[PDB]
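One structure is given below, encoded as structure tokens.
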Amino acid sequence: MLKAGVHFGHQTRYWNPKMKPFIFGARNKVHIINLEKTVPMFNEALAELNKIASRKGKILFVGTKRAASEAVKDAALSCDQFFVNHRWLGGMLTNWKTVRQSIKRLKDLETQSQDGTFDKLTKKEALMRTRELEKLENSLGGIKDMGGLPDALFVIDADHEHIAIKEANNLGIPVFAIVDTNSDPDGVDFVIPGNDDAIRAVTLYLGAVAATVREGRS
RNA sequence: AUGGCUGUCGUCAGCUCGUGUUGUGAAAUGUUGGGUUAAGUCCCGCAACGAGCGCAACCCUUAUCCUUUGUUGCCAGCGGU
Numbered sequence: 003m004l005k006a007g008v009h010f011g012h013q014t015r016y017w018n019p020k021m022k023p024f025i026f027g028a029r030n031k032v033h034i035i036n037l038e039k040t041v042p043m044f045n046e047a048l049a050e051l052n053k054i055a056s057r058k059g060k061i062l063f064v065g066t067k068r069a070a071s072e073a074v075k076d077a078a079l080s081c082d083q084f085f086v087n088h089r090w091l092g093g094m095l096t097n098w099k100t101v102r103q104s105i106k107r108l109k110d111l112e113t114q115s116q117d118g119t120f121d122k123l124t125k126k127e128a129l130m131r132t133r134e135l136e137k138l139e140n141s142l143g144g145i146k147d148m149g150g151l152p153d154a155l156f157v158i159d160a161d162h163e164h165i166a167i168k169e170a171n172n173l174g175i176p177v178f179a180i181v182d183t184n185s186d187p188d189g190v191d192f193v194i195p196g197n198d199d200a201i202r203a204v205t206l207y208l209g210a211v212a213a214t215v216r217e218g219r220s
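Sequential numbering from 3 applies to the first sequence in our numbering.
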């Protein structure tokens with residue numbers, strides 16, 4: 003709701019002509035996003051995104067670059083929602099089938115880990131198995147309790163996370179992206195011209211989104 | 001014309017498949033890349049995710065120690081011989 007405070011746009015380099023409607027674009031070789039265009043765009047994204055959030059849907063924040071972590075873990079986990087913060091595996095939506103059995107192995111190995119037989123029979127293989135929980139835990143972290151493929155997708159950079167956008171367009175999932183002036187509005191259904199790599203901007207930004215996901219009529 | 005059995009490349013480290021994706025297609029990817037290994041060995045990365053046959057291990061023997069039993073095998077300590 004609050005006016006974007008401190009980002010005003012970025013990316014002098016590799017700017018994309020399809021971002022030409024969103025650029026004010028003056029200072030010191032770098033491009034300034036027209037935030038007077040961003041505010042209606044971002045309010046629309048909060049509108050439809052709250053609309054699917056009230057229908058009891060799953061949202062899947064996507065935060066692979068740094069420092070979108072742990073800001074996407076903090077914002078998704080502040081809601082009762084899901085996230086990807088480390089490397090987004092190629093095909094966790096379009097073959098979720100195989101990713102379902104990898105999530106199943108993460109559940110079986112944490113149940114085996116903190117409760118069952120973890121000290122049993124070996125030290126070396128037990129260390130092997132625990133670092134399998136680090137690898138499967140940081141890759142399949144947020145999505146491990148989803149149990150479906152989600153009803154929306156909220157990516158924090160459109161060019162850095164083009165794979166996830168490409169799959170959610172492949173599957174008919176609404177993509178909500180904060181694009182920058184280098185990115186491309188591929189199949190992003192609700193584009194938001196913003197700043198992808200400022201931590202102030204993405205914490206303000208995810209703060210608003212996580213605010214409207216759990217917003218409660220009460 | 002065959003079965004069964006065998007040699008050989010070669011005990012060389014390779015050969016594939018399902019699902020997915022890319023290509024009009026033959027096909028490609030996976031299996032390539034940075035390291036490493038005896039080894040597609042293992043890690044990391046990655047439009048791939050996994051799986052099979054192979055590699056490794058399980059088998060026999062050899063190298064050390066313990067327990068048991070001690071004949072026909074052995075003789076340290078005992079006695080005479």
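Idealized CB from N, CA, C, for every residue including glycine.
Asked, Found
"Length of the line joining the Cα atoms of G209 and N52", "14 angstroms"
"Reduced DSSP category for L48 - H, G, I as helix; E, B as strand; rest coil", "helix"
"Where the beta strand (DSSP E) through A179 begins and ends", "177 to 181"
"Limits of the unbroken alpha helix (DSSP H) element including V190", "Note, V190: premise wrong, no alpha helix (DSSP H); not H, not E."
"Beta bridge counterpart(s) of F85 as assigned by DSSP", "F63"
"Same chain, Cβ closer than 6 angstroms to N87, neighbours up to 5 away in sequence not counted", "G65, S71, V74, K75"
"Cβ-based neighbour list, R131, same chain, cut-off 7 angstroms, excluding 5 preceding and 5 following", "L111"
"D161 and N184 closer than 8 angstroms at C-beta", "yes"
"Nearest residue (CA-CA) to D82, options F63, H33, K20, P187", "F63"
"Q13 burial status per 10 Å Cβ neighbour count (16 or more: buried)", "buried"
"Buried versus exposed call for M94 [16 or more other C-beta atoms within 10 Å across all chains shown]", "buried"
"Nearest residue (CA-CA) to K5, options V41, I34, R15", "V41"
"Candidates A200, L142, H33: closest to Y16 by CA position", "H33"
"Three-way DSSP call (helix, strand, coil) for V215 in this model", "helix"
"Length of the line joining the Cα atoms of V211 and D117", "36 angstroms"
"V157: first and last residue of the uninterrupted alpha helix (DSSP H) it sits in", "No alpha helix (DSSP H) contains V157, which is instead part of the beta strand (DSSP E) from 155 to 157."
"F10 versus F24, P23, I35, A28, residue with shortest Cα-Cα distance", "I35"
"Cα-Cα separation, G218 to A55", "10 angstroms"
"Whole-angstrom distance between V215 and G149, CA atom to CA atom", "19 angstroms"
"Spatial neighbours of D186 in its chain, beta-carbon cut-off 6 angstroms, leaving aside the 5 residues before and after", "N18, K20"
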